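Here's the structure, in C-alpha cells; my notes come after.
Protein chains in written order, with the entry's author numbering: chain B, 1 to 180, 190 to 206, 217 to 372; chain D, -2 to 23, 26 to 175, 218 to 372; chain A, 1 to 22, 26 to 149, 152 to 178, 191 to 202, 218 to 372; chain C, 1 to 22, 26 to 181, 190 to 206, 217 to 372.
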C-alpha cells in the first residue's frame, strides 16, 4: 500500500499536545526540532504545509510556575495567552535553521462561519503559502473557549483543511490509528468507522475534511520520521480517502453558497482568460455590475450573451465593484481610498460553468 | 508644587497605546521598544497595571519578507502582519524579560467584542492576566478583520481595550488628531481618562506617572463606577435572576467581594452566560446586578456548592465565581 | 395630578389578556379600537401591543386549558395571532384606520441592522397614519411566552415613545405617582416601566375596567399609577448614541448640512457629505464632523461607508442609478441623530 | 407520466405574486384555498408560502406605483400582510380549515435554536390539522424585498418541515430547453444553463437537499393542484437524488457534535430501534459533556455503542436536572418546560 501523502502537495499537519509537551515540564524542544526538520524536508520537496500545533497551555503553565493543569477556564485562557508566544518562538527558531519563515495565526470556528472573515483568513493563508511561509495555526482562546477543555485541535485541523483546500490532513497522535486489527485504509465518512471507535473526534475530523476533497491520515507521532516516510509513499497508521475530488467539491461548495441577488457581466477577453488561461477575474474585465453582493459571497460571472461562464467568491462589494470596474489594479487605491486584493475573484475561489 | 498634575499619577490601571511611527524605523526600532519596555516596567514596579496596545507588525513583516515598500494589496498586508506579529512580540518579551516581567500576546477584533460571551471571555482572560502580574500585549487580528490595517493605527482598539478592562486611563503616545479625540470619547464611556502625548518626549510615561502633565489630558465626565452602573442598567434582563442569602448580601455590600455559587439560595427564570442579572435578597429586594458566568440551568446544579465541587457536578468548570466583583454593581 | 398622557404625542398601548379575553371579547376590543381611534383623531401616534393571541388560538383549537408545553403554546400563538388581528383590523376599519401586523423578537432588536429596519418600518407606518399592532414572534423565540409587558417596553424604546400605557385588571401598584425605576417597587409591569424609562418613556399602569380610560388619560385625568422617567427623551437618545458609537469611521459634512442639522431640525442627506473616512456599516452609530474637524452630530447610518462614498454629493433621486438599488433617501434620519 | 405529487403526503405550495395579485385577486385566492382544502381532506399536509403582501399594502395605502424607497416597501408589506392573511383565513374557514400566520427570515433558520423552534411550531401545527401560511419578515430583513418572490423561502420551508414535495406555481409553463422539460433530476447542473426561472431551479436544488421533490407548473392551469394530486403530471417535475430518510441521516452527520452526548437505557434503546418512538428524559441514564438546544447529539447505549443521533430539545445542564423524570415533573424542576421529549422521533435517526 502506497501512502496518499506521496501524491499530496498541500498538507495540514496536526500535532497533538502529548507529542510536543513533556508532561508538567513545558515544551519538548527536541521533539519540536524533529517536526520542524521533517516539515522543512517536505517544504524542500515542494509541499505546502500548514501546521496546527498544541502546547500553548503547557508552555504557559511553565512560564507562570504552575505544576498542574488548571481546572478553571480563565486560568486556562491565561496560560494559553502566555504560552502561545513561547510555542511559536521555538518553531520559528528550529524552522529558521532550515531557512524557513513561519507565521502565527489565531482563528475561531466563529470567524470561519462569517463570509467576510472566512475569505480574509483564506486569503491570508493562501498568500502565505504562495510566499513559501509555513503558517502555524491555533484557536483564539481569549475569545472562544469551547475547545479548550477537552479538544486537542482535531476539529480545527479539518476546518483548516477545508479553508485552504488541502490535499491531505495528517493527524499525528499517541494512538497507532483506527482499530477494528489496525485499519490501514478506508473511505472517509463511512458510518462503520464511527462504530469502530479521542479516536472518534479524529474520525469525525476526517469526514469533515473529506467535504472539501481532503484525504486524512491518522498516525502515531511516536513513529520515527513519520512525515518523511508518508511523503516517500510508505503507509503508516490509517488512511481515509475522500469520495469526492478537490475540484468537484469546490463546484459543490460554490453551488451551495451561490446567491443570485447580484452578479457581474464580463467581456470576451475576461471569459477567455478564465476558461483557457486558468486566470483570475480582474476588475478591468468587468463590463457591468447588476444587483447587490458583499465581499465573501459567491456570485455568477455572466458573458455578454447572458450565459453563466463561472462562479466564485467576490473580494469586493457590488458598490465597490461599480467604482473600480474597467480600471487597472494600480488605480483601485486612488478610486476607493484603499485597496483589497488586485483580483475581483481569485482563480482559487472560482469554478467554471 | 502648583504645576498641573497628571491624572496618570492617580490611575492604577492603564492602557498604553504606542503609534507605528514610534516603534518602527520608517523594520522595528529595537532600542525604542526597549525604552518603552523599561518605562512600563518602572510603572509596573510602582504598582500600576498596564496593558500595551502596540503597532509595528507590518513593518516587521516587511523586513522579514525582504520588502522595501509597504504593499498596496490587502492580502500582502495581511501576510506581512502574520509574519511580523511573531517578531514584534519576541522583541517585547525579551526587553520585558530583562526587567523580570512576563508578557502575553492577545489578538482581538471589534467583532469579537460585539458578542456577549466573547466579550466576557476576553475580559476574563485580561483580568486574570493582570491579577497574575502579566503585561498583556494586544493587537488586532488582521488575518480575519482588515479595518485596522487599511485605515487605522489602533486608536479605536486602545479605546475598546480601555472599555474592556475598565481602565483608569488610556495613554495615546504619538508623533505630535480626530480619530484620537474620538477614541478619547469612546474611552470616557467607561469612565477612562485619556492622555494624548508625544512619544518623542523623554521618559514620557515615568514623568506622567510622577504627576507631570504632558500633552493633552481629557477627563471623562462620568466616573468608573457610575459608568459601570449605567452599563449594567443598559444590559439588564429580567427573564431570570438569583436569590442570595444574607451572608452573600453582606459580602457584596460590605466586603467588596464576588458572588459565589455557595451564596445562591435559588435560581428563578432563565439566563445565559454573559447576560446581566439581578441578585435578589430573601425579601425580594434587588441588592446587586452583574454579568453571570453561568447559565440558569448550570447555576441550578451548582447552587450551594463550594467552587471545588463544580467540576464534579457539571463535568467541567468555568470560573469559580457566579458573578465576579469586577462585573457587578450594588442596587 | 395631571396625567402625563395629555402631553404625550406617541403612545405604546398594551392591553392585558384578562381585558381582551373571556377566547376573545370582541365588544371589549371594539371599545379599545374606538378609544385608540379617538386618540389617532386628536393627533396621537399609537402603537398597540396586544395580548390575547394564545387565548384566541386555544379557542380556535378547542383547548379549554392553557397548554404547558411550549410547542403547543407556539401553535396556539400562531393560530390566535390571525384572529386577534382580524378583529382589530375590522374594528379599526369602521373608523377609517389602517392597521399593520408586526412580529418582533428581543433578538432582532439586538442586531444593529434589524433594529434599524424595524425602527424605520414603524416610524414610516406612524408617518402614514397606520396603527401598528405588534406581537412577539413566538415561532422563533420562546423566552417570553414561557403577557407582553417586556415587549411593550422594548417597543417604547424602539420608537422613542413618550409613554407606555399598560392596561390591566388591577388598579395599579395605591401609588398615584413615583419615579420609574425606583428599587422599592405586578412585578413584570414595574420592571417594564424601568426598561421603558431607559429611553425617556413614562409609564402608566391603569385598570382597563375604568370607563374610557385612554380618553380620560389623554384629557389629563390621572388614573392608576404614573411612573415618570428620570431622563428626558432627547437626553436618553444622547446616552443611546454614546452607548453605541463606533469611531472606526465617520463623515465630514459641509456648512449647509451643519446648519440644516443644528437649526433646521432636518436629516443628513448624502448631498451634504463632503467626505467618508474609515469604515462603517448600516445601523452603526457614526460621528458627523465639520470642516474644522469638530464633531457636530452623531447618528445611525442607513448606508455603509463604501455606499456612502458612491452617493456622496448626489441628490436622493440619483442614488438608485449609482448603486443599482436604494435604501432610504437620508444618510442619517433626523429621528436617529443627536447634536454634538 | 405520473405526478410524484400523488405519492407525496406533506406539501409546500408556493404561489407567485402574479397569480395572487391583479391589490389582491380574491377569487383566485378562493380557488387556491378550495384546491388546498380538497388536498387537506384527502389527507395531505399542506404549508402555504404566498406572495402578495406589498401589492395589498399598496392598495390599502392608496399607492398606484410600487415604491422605490425601502421603508415604504416595508410599510406596504406590514400593511398588506394583514389583508393577505385575512383573505386566506376567510376562504379556508369556508371549508372548515384553520390557518396560522408564520413569519420567518433565512437568518432565523441558520441559527440552531431558532431553526428548531420554528420546526417544532410547524410540525405541531400540521399534527393539529392547521394550514400554516408562511411569509418573510420584511420588517427586520429586507434582502429579498427588491427581487425575491419567495422561491428560496419555499425551499427552506420544505427543508424545515421535511416536505415530500415543493410545488412552485408560476406564470410560465415550467423549464424550457432554451421544448418544455417534463422530468429531470433536481440539482443537475444543466438545468441552470437551460434557464425568474433560475431562482426556481436553485430552489429545487435546495429543496432536494432534504429529499424533497419539486414541481414547477403554471398556476393558470385549471385545478392544477387537484390534477397533480390525482397523478397527472403538469409542468416540470424535478426528482431529488436522495430519499428523505437518507437526507436526514446525512443532515444529522453534517451537524453532529461530540462535545456531549447522552447514555440511554435498554428500554429507551428498544423504543427507539423497534417502536419508532421519541427519546424521553426518563430513558436517559447519564449526560456527558456539554450541548445546547438544537445541537445534534449521539445517544449511546450502556455498552458505549452509538445507537441513534438527533436534535436535542434541552441543554446538557437542563437534561442533567430532568434525567429519569417523567415529563409532567419537568416544569417543577426547571421552572418552565419546553417539549416533553428530549429528542423527538422526527428529529432523530438510527445508527
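For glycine and all other residues, C-beta sits at the position ideal for the given N, C-alpha and C.
Take the Cβ of residue i as the centre, count every other Cβ of all protein chains shown within 10 Å, and call the residue buried at 16 or more, exposed below.
i, result
"residue 218 of chain D", "exposed"
"residue 95 of chain D", "buried"
"residue 9 of chain B", "exposed"
"residue 312 of chain D", "buried"
"residue 167 of chain D", "buried"
"residue 16 of chain D", "buried"
"residue 297 of chain D", "exposed"
"residue 190 of chain C", "exposed"
"residue 262 of chain D", "exposed"
"residue 371 of chain A", "exposed"
"residue 260 of chain D", "exposed"
"residue 382 of chain C", "For chain C, the structure presents residues 1 to 372; residue 382 of chain C sits outside this window and is missing."
Per DSSP, which one or two residues make a beta bridge with residue i?
i, result
"residue 239 of chain D", "D:173"
"residue 135 of chain D", "D:103"
"residue 19 of chain B", "Paired residues: none, contrary to the question."
"residue 282 of chain D", "D:309 and D:319"
"residue 168 of chain D", "D:11 and D:234"
"residue 331 of chain B", "B:318 and B:369"
"residue 50 of chain D", "D:12"
"residue 27 of chain D", "D:21"
"residue 223 of chain D", "None; residue 223 of chain D has no bridge partner."
Can you name the residues of chain A whose CB is closer than 9 angstroms to the CB of residue i?
i, result
"residue 51 of chain D", "Simply none; closest approach about 20 angstroms."
"residue 309 of chain B", "356"
So which residues on chain C does residue i lean against when the C-beta distance must stay under 8 angstroms?
i, result
"residue 149 of chain A", "357"
"residue 279 of chain B", "219, 220 and 223"
"residue 144 of chain A", "117 and 120"
I'd like to know whether the C-beta atoms of residue i and residue j end up nearer to each other than 7 angstroms.
i, j, result
"residue 304 of chain D", "residue 318 of chain D", "no"
"residue 117 of chain B", "residue 143 of chain D", "yes"
"residue 88 of chain A", "residue 85 of chain C", "yes"
"residue 113 of chain B", "residue 169 of chain B", "no"
"residue 79 of chain B", "residue 61 of chain B", "yes"
"residue 337 of chain B", "residue 306 of chain B", "no"
"residue 157 of chain A", "residue 14 of chain A", "yes"
"residue 140 of chain A", "residue 145 of chain C", "no"
For a contact meaning CB atoms closer than 9 angstroms, what does residue i contact in chain D?
i, result
"residue 275 of chain A", "230, 271, 272 and 275"
At a CB-CB cut-off below 7 angstroms, which residues of chain A make contact with residue i?
i, result
"residue 227 of chain D", "277 and 279"
Would you mind telling me which residues of chain B sit closer than 7 angstroms to residue i, beta carbon to beta carbon, in chain order?
i, result
"residue 141 of chain C", "Correct list: empty, because the minimum Cβ distance to chain B is about 15 angstroms."
Which residues in chain D have a C-beta closer than 8 angstroms to the C-beta of residue i? List them in chain order.
i, result
"residue 322 of chain B", "The contacting residues do not exist; residue 322 of chain B stays about 27 angstroms from chain D at best."
"residue 238 of chain A", "Near residue 238 of chain A there are no residues of chain D at all, since even the closest Cβ is about 22 angstroms away, more than 8 angstroms."
Applying a beta-carbon distance threshold of less than 8 angstroms, which residues of chain A neighbour residue i?
i, result
"residue 155 of chain D", "278, 279 and 280"
(request) Check distances from the C-beta atoms of the stretch 74 to 90 of chain B to those of chain D and list, in chain order, the residues that come in under 9 angstroms. (result) 74, 75, 77, 78, 80, 81, 82, 83, 84, 85, 86, 88 and 89
(request) Please name the residues in the stretch 324 to 338 of chain D whose beta-carbon is closer than 8 angstroms to at least one beta-carbon of chain A, in chain order. (result) 326 and 327
(message) Please list, in chain order, the residues of the stretch 88 to 113 of chain D that have any C-beta partner in chain B closer than 8 angstroms.
(response) 88, 89, 92, 101, 102, 103, 104, 105, 106, 107, 110 and 111
(request) Using a Cβ-Cβ cut-off of less than 8 angstroms, list which residues of the stretch 338 to 350 of chain B approach chain A; keep chain order. (result) 338, 339, 341 and 342
(message) Counting only Cβ-Cβ distances shorter than 9 angstroms, please list the residues of the stretch 192 to 204 of chain B near chain C, keeping chain order.
(response) 198, 200, 203 and 204
(request) Select from the stretch 1 to 19 of chain C all residues with a C-beta closer than 8 angstroms to any C-beta belonging to chain B, and list them in chain order. (result) none
(message) Which residues of the stretch 293 to 307 of chain C have a Cβ closer than 9 angstroms to any Cβ of chain A? Give them in chain order.
(response) none
(message) What are the residues in the stretch 42 to 67 of chain A lying within 7 angstroms of chain C by C-beta distance?
(response) 63 and 64
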